[PDB]
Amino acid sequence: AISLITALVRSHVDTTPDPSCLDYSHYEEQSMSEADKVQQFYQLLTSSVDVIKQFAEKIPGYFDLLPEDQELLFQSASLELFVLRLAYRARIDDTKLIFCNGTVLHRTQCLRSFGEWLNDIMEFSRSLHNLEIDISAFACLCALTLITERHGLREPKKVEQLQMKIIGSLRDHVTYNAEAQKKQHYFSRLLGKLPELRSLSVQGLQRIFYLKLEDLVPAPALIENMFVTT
């Protein structure tokens, strides 16, 4: 069978909208209520998480974890995966923003719902690209956002072993990747991006919690799951 890193990269590719199939039906700036903008945000977030769900289920060894741990791990990282993919794909000095559900919008249509938090996401985006992360390293970075220690796991040790396997594959790939060895302990700088993502993500919960209290439209279960991590 195929190697872990190739399985990861293929999953990433298979769940990353390709240019020719992007959805532009929401790009055109049109009149819509504050309630509509929240509606759109929830929709955008939930359907993207559904796609991210497809990537996680293809991570070899994931289905070998108990269904309870899969759920806990997924709910706990969904927002992070969402932000990580968003930031990775976003390019500097760009007007658009592409979401893994294929939807494309103006950065300005998102500022309305994301708030200042978006700017922090773009800031993280530039950070990722400064370090230069290839698709193989990124796929591992994503799997590591999902397969990580969380409180309440039934088989924490089983989770850590998969994590170690993913780390191992990332380690091997970095060691032999020429462009990478050209930088100060690239590997360490790579993993050092996860804590930032965690913090960036916490800031997202604040904004999503704000929208929830505003309560212009009900929050989907998927969005409520993001808050269970409290």
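All residue numbers are counted from 1 along the displayed sequence.
Just going by the entry, 19-27 versus 6-14 on mean CA temperature factor gives the higher value to 19-27. According to the PDB record, 151-159 carries the higher mean C-alpha B-factor of the two stretches 97-105 and 151-159. By the numbers in the PDB entry, the CA B factor is greatest at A180 among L45, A180, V51, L170. Ranking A139, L73, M122, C110 by the C-alpha B-factor listed in the PDB entry places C110 at the top. In the PDB entry, a CA B factor belonging to the highest third of its chain's modelled residues is recorded for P67. Placement of the Cα temperature factor of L222 within the chain: highest third of the modelled residues, per the deposited record. Per the deposited record, the Cα B-factor of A35 falls in the highest third when ranked against the other modelled residues of its chain. Sort the chain's modelled residues by C-alpha temperature factor and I92 lands in the highest third, per the entry. When the CA B factors of the chain's modelled residues are split into thirds, the value for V202 lands in the lowest one.
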